[PDB]
Each structure stands twice: as C-alpha cells, then as structure tokens.
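Peer 1: Need a 3D model of the sequence below.
(chains A and B, ligands or ions: 1)
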Amino acid sequence: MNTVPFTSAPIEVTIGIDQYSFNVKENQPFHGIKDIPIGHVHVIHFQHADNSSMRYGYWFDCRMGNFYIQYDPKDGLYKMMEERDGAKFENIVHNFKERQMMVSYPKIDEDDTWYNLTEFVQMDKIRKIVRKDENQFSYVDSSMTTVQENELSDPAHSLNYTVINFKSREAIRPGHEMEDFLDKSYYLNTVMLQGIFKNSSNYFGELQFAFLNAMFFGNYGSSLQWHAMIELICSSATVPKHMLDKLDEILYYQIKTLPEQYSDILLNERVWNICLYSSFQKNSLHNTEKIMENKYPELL
Amino acid sequence: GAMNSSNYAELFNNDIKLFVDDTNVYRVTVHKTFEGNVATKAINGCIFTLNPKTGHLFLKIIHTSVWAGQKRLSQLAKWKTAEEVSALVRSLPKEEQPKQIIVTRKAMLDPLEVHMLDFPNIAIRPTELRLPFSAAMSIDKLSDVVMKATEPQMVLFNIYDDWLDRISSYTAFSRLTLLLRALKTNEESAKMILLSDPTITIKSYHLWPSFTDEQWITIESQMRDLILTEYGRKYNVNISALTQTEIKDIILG
Ligand SMILES: CCOC(=O)c1cn[nH]c1C(F)(F)F
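Peer 2: Numbers count the residues shown, from 1 in each chain, chains lettered A, B, ... in the order given. Let me share the structure:
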C-alpha cells in the first residue's frame, strides 16, 4: 500500500483522491494520503476554498516512483514532485504515519468502483495524451484545451486526445460517402482500432481517461472526447460482441459514479438519445440503458 | 451562415454561387396493388442546380433505373443529389467552380458537405428563403426533357431566356420566383395567364414567352393577383378588402 505525503497544507482546499474527497483547513496539520492501492493509476485533485477556478490534479502510479505534494506560494498551487532518494522518502513517510497525520485511502473491500472506472487506463498512455516527459505523473486542469479544440492555442499545455471528426476525409472513403457517414464501422474498425489504437483496450483507456478528466476537472474538451468515442461505437453497425459487452460495463460504472447534480453539464442529450434509442447499438447497452432510465429519465 | 431576406443582394454579386433543389429528384405515383396494398412507382426526376446571377441551369435528369433494387429511396435521393452536384463541380474548370452552394432544404447539408470534403473552400449554406423551385417541373420544356429521358442525362438551360439583355439579375430572379410561385400555387391558372394570348409565342431556344417590357408588367401583375386570389380562396379572405402594404407582404411571406 503506497503513500503520497504532503509537505504541509498552507491553504484551505478540498483534496480529491480518485472518487473520494475531504476538506483540509488553512495550516491544518495534514501530511498526506496512505494505503493507496497498488495496481491502478490514481488521480489526486484540488479545489481551493478561496478560489474554485483553481481546479487541477495529477495522474500517477505509485509503482513508477515516490511522489509527494508541496504547496508553491509563488504559482499558488499544490505541486506533485518525485523524491529520487528512496531512503529519505521512506524515513519521511514513516515519521508522518507514526504521528498519524495522514488520511487513509478509504476503500470498502467489496467495492470495485475504481477498478471499473480505470480498467483500461495506463500511465504510459496518459503520458502520451498529457506531454511533460521530465515527470512520471501528469497534470490536468479544468481549462486545458484539446488538440481538436485548438484547431477550430499553447500546444505544450494541451490534451492530445485522438482527433475524431465524423465529417473528415479520415472518416469517409472516397466513393463510400453515404455508406461511411451512416455506418461508421470503417472509421471505427479500420482507421481507429486497427490503424491508430491498435486494439480495443487502448480505445477504452482513452475513453475512460476522457470521462475521468470531464468528471474530476469539469474539462469541457474531455467531455467532448468521451461522447465522440461513445458515438463512434454506437454509430457503427459492425462492432465485435466483446467490445459492445465491455462498453456496456464501462458506461454503466461511469453513469453510476457521476454526481447527480452535474448530470445536466456532463451528459450530452443528443448523443445519449441517439446511442440508446436510434443507433445500430440501441439494443446492445442493456446495463447502461437501465441505469440511465432510472437515474436520469429527464435527459432522455 | 443562413441565406435570408437580410442578405438577398449577395445572390447577384460576382462570387459564383449555385442553388441546389432536390425536391424533384425522387418522384413517385402512389397506387393500389391487386391485393389492395399500396405501392409506389417511381418516375424520372431531376436535380435543379441554378446560378441566380447568370440564369444557367444544370438540370441533371434522374432516370428511374437509379432506384432499381435500392432501399430507403428518400434518404438515397439526398446522397445521389450530393454525388451529382460534387460530380458537376469537379467537371467545371476551377474558375467556374462555385464559392458557395445554397441548398433549398436543410436535409441536403450533411450529404453535400460529406461529398464536397475535397473542396474545403466551397461554403455549403442553408436558406431561410422559401423558394418555389419544386414548380420547375411545371415548365413544359423542362418537364418534357425529364419524362422523355431513357438514361441519366445532364441538360443545360438559361432559365432567364434573354431577359438579362434588358433587366438586372436581381429583377430576373424576382420574375422567375414570382412565375414559379404562381405555377406552384395554381398551375392551371398560371399556364392560362402565360399562354392565353396566342400572338406571343415561346422561341424554340427559350422556356418562357417573348413578352415586351410592358407585357411582362401585365403578366407580373396577373401572377401577383393569382397568388392573392389563391391565398384568398385558401384562407376564405375577402382580398378586395386588402391594401397595398398587406398585399406586398404575402408574396414575400
Ligand atoms: C494514447 C491514447 O490513449 C491510450 O491508448 C490508453 C490506453 N490505456 N490508457 C490510455 C490513456 F489513458 F492514455 F488514455
């Protein structure tokens, strides 16, 4: 079980760790998060009490290094850092645990929620979508734009999601205009799966990572990407049975976890109505259709 | 964005543009079967592709053979329209290619945009204007070339005959839309007005009769009366009670 210590908490902040969160007061003796489950990526995240515009966080995997948080009073944020000295790090963590200054990652034994949301999400793939090669962890915030959003400005601070555009030469073979526009199977199976992602696991990873950045940071471009990746599957007549069954599980857990009060901003009425009621796959997403109809019948 | 009453003069500027109307592409007669079911029988159709500045009409005749063994024909008709418009643009020399294509029906936007991906600098626009181009098949010579076709054919016309010798494009378009609106509202009455006086003929190389400037004023008035006469018998409105400002509005409306 791994640990992300904090040097201190000089400003009042709501701290998220995956789907959990807790309030820390200004100068509260808080020194970090322990018992973090090994085997999954994690996201620590922050919303300052004095300024909710400051909404930002770090994707990391404790298997890749020893990470800590330190407040920077100049840039006015909690920064993730790597400690390269294993023995110093162990010595710091041991002291804070002895003085019980750390909150425990509050996982219920029964509860597969985080696994179900991050099944296909890999740190190596996050580090390609979020490009900062000197760090093993990835910074995301509410304002960061996507490569596709920047085409329609600063490229070093962008989310390099795979561009999906239904009215693009990539999506439409010359001479198959109607066929490829009305049935996106070509674009899904040949261009995206075989061509770009290589497999359905990389496609699901991105999709899951887009959702989590939409949910945890209110990142609008991430929400666009999540919906585009759902729509591209739902709008394809020919999808492998294993991919449809898996998509149903992925979307079920995403809809399960979504805070009820953010459903209005985080769900696109057109995509969900098309996917569940109009599309080729309208009858392929049983679990997702049932949770959507019971939790958000107004959107539909 | 959208082509409306606000930006109407744009039609007659020196930027090449085409209207595309797909109303007459897929045409059927609905009939009873021997077992008392209903069936359709397709008849020849046409794409109406018009340069509003020059009057050049690219009439692509859609032969019923296009539909053989196809499903969802009303959907296919939009994509076939978009295919044939994109083929027409590719056939034109670069200096003749349009800078904009205005579709009369919003359902043509996606099909045309997808077929024209190769032409990112050609704007595909809807219009708020309710244009009467469906009535093209009430022009006898256009109806005749469509119904005689035994194969796919493109036929080139000037829908303004020689009017641009005497009037501006703006006035020519206004005359065309009034004639087509009348033909669309009451075909029999409109044809009567156009062809009653047998001394005024249609030249072999023209679509409409050879009216003098004064005769066009009388014809234009007779068409405007017909559109109000019909808008009267439609809504049960005493038209003789209407003033000139409220008359003006209803042809536009
Ligand atoms: C580079 C596209 O992303 C992926 O292929 C992938 C595969 N597992 N996780 C990803 C993520 F997180 F980067 F989206």
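Peer 1: in chain A, what residue is nearest chain B?
Peer 2: Using Cβ to the nearest Cβ, the single residue of chain A nearest to chain B is residue A:178, 3.9 Å away. All C-beta spots, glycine's among them, are computed from the backbone N, C-alpha and C.
Peer 1: Confirm for me that that residue is in contact with residue B:71.
Peer 2: No - in this structure, residue A:178 is not within contact of residue B:71 by Cβ atoms under 8 Å, at 11.8 Å.
Peer 1: And the helices in the stretch 51-200 of chain A, which stretches?
Peer 2: For the stretch 51-200 of chain A, the helices defined by DSSP state H, counting those that start in this stretch cover A:86-98, A:113-118, A:123-129, A:147-151, A:177-182, A:185-186, A:200-217.
Peer 1: In contact with residue 53, which residues?
Peer 2: Chain wasn't specified; assuming chain A. By Cβ atoms under 8 Å, 6 or more residues apart in numbering or on different chains, the contact list for residue A:53 reads residue A:142.
Peer 1: my question was about chain B
Peer 2: B:11-14, B:16-17, B:169.
Peer 1: Need those residues in a markdown table (columns: distance to residue B:63 and secondary structure).
Peer 2: What follows is those, written out as a markdown table (distance: Cβ to Cβ, whole Å; DSSP: H, G, I helix; E, B strand; the rest coil):
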| residue | distance to residue B:63 | secondary structure |
| --- | --- | --- |
| B:11 | 31 | helix |
| B:12 | 34 | helix |
| B:13 | 36 | coil |
| B:14 | 36 | coil |
| B:16 | 28 | coil |
| B:17 | 28 | strand |
| B:169 | 32 | helix |
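Peer 1: dump the residue contacts of the residue nearest to the spatial centre of chain A.
Peer 2: With distances taken as Cα atoms, centre = their mean, residue A:212 lies nearest the centre of chain A, 2.6 Å away. The contact partners of residue A:212, by Cβ under 8 Å, 6+ apart, come to A:43, A:117-118, A:121.
Peer 1: care to break chain B down by domain?
Peer 2: B:9-163, B:164-253 (CATH domains of a matching chain).
Peer 1: Pipe these into JSON lines and attach distance to the ligand per row.
Peer 2: Listed next are the domains of chain B as JSON lines, based on distance: least, Cβ to the nearest ligand atom, whole Å:
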{"stretch": "domain B:9-163", "distance to the ligand": "25"}
{"stretch": "domain B:164-253", "distance to the ligand": "53"}
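Peer 1: The residue of chain A closest to chain B and the ligand, how far apart?
Peer 2: 30 Å (Cβ to the nearest ligand atom, to the nearest Å).
Peer 1: Which single residue in the stretch 151-253 of chain B comes nearest to chain A?
Peer 2: residue B:152 (17.2 Å).
Peer 1: Which part of the stretch 101-250 of chain A gets nearest to the ligand, residue-wise?
Peer 2: Residue nearest to the ligand within the stretch 101-250 of chain A (Cβ to the nearest ligand atom): residue A:205, separated by 2.1 Å.
Peer 1: Identify the residue spatially nearest to that residue, adjacent ones excluded.
Peer 2: residue A:120 (4.0 Å; Cβ to Cβ, 6 or more residues apart in numbering or on different chains).
Peer 1: The one you found contacts residue A:211, correct?
Peer 2: No - if you go by Cβ under 8 Å, residue A:120 and residue A:211 don't touch, sitting 11.3 Å apart.
Peer 1: and the stretch 51-200 of chain B, which of its residues are near chain A?
Peer 2: Residues of the stretch 51-200 of chain B that fall close to chain A, judged by Cβ under 8 Å from any Cβ of the partner chain: B:75-76, B:79, B:82-83, B:110-111, B:113-115, B:117-118.
Peer 1: redo that, cut-off 7 Å
Peer 2: Within the stretch 51-200 of chain B, the positions adjacent to chain A are B:79, B:110, B:113-115, B:117 by Cβ under 7 Å from any Cβ of the partner chain.
Peer 1: Do a quick rundown of the strands in the stretch 151-253 of chain B.
Peer 2: Assigned by DSSP state E, counting those that start in this stretch, the strands in the stretch 151-253 of chain B fall at B:153-158.
Peer 1: List phi and psi for residue A:172.
Peer 2: When read as degrees, to the nearest 10, the backbone of residue A:172 gives phi -130, psi 110.
Peer 1: ok, now which ones touch residue A:69?
Peer 2: A:4, A:6, A:32, A:44, A:78-80 (Cβ atoms under 7 Å, 6 or more residues apart in numbering or on different chains).
Peer 1: returning to what we had before: sort out which one of the contacts of residue B:53 lies nearest chain A for me.
Peer 2: residue B:17 (21.3 Å).
Peer 1: Can you give me the neighbour number for that closest one?
Peer 2: 21 (other Cβ atoms under 10 Å in any protein chain shown).
Peer 1: now swap in residue A:283 and tell me
Peer 2: By other Cβ under 10 Å, the burial measure for residue A:283, its neighbour count, is 10.
Peer 1: which SSE is it in?
Peer 2: Secondary structure assignment for residue A:283, by DSSP states H and E: no helix or strand.
Peer 1: So which bits of the stretch 1-150 of chain A are right by the ligand?
Peer 2: A:120-122, A:125-126, A:128-129 (Cβ under 6 Å from any ligand atom).
Peer 1: Please identify which of residue A:120 and residue A:211 sits among more neighbours.
Peer 2: Taking other Cβ under 10 Å, residue A:120 and residue A:211 do not tie; residue A:211 has more neighbours (27 against 19).
Peer 1: In contact with that one, which residues are there?
Peer 2: Contacts of residue A:211 (Cβ under 7 Å, 6+ apart): A:226, A:254.
Peer 1: Spatially nearest residue to residue 18 (excluding sequence neighbours)?
Peer 2: Going with chain A. Nearest to residue A:18 is residue A:114, by Cβ to Cβ, 6+ apart, at 5.1 Å.
Peer 1: switch to chain B, that's the one I care about
Peer 2: Nearest to residue B:18 is residue B:98, by Cβ to Cβ, 6+ apart, at 4.8 Å.
Peer 1: tell me, how many neighbours does that neighbour end up with?
Peer 2: 21.
Peer 1: That one contacts residue B:15, correct?
Peer 2: No - look at residue B:98 against residue B:15 with Cβ atoms under 7 Å: they stay out of range, at 8.3 Å.
Peer 1: which residues of chain A fall in strands?
Peer 2: Assigned by DSSP state E, chain A shows strands spanning A:2-5, A:13-17, A:20-24, A:32-36, A:42-48, A:55-60, A:66-72, A:77-83, A:103-104, A:138-141.
Peer 1: Columns distance to residue A:189 on top of the ones you listed, output as a markdown table?
Peer 2: Listed next are the strands of chain A as a markdown table, based on distance: least, Cβ to Cβ, whole Å:
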| stretch | distance to residue A:189 |
| --- | --- |
| strand A:2-5 | 39 |
| strand A:13-17 | 36 |
| strand A:20-24 | 38 |
| strand A:32-36 | 38 |
| strand A:42-48 | 31 |
| strand A:55-60 | 29 |
| strand A:66-72 | 38 |
| strand A:77-83 | 38 |
| strand A:103-104 | 45 |
| strand A:138-141 | 29 |
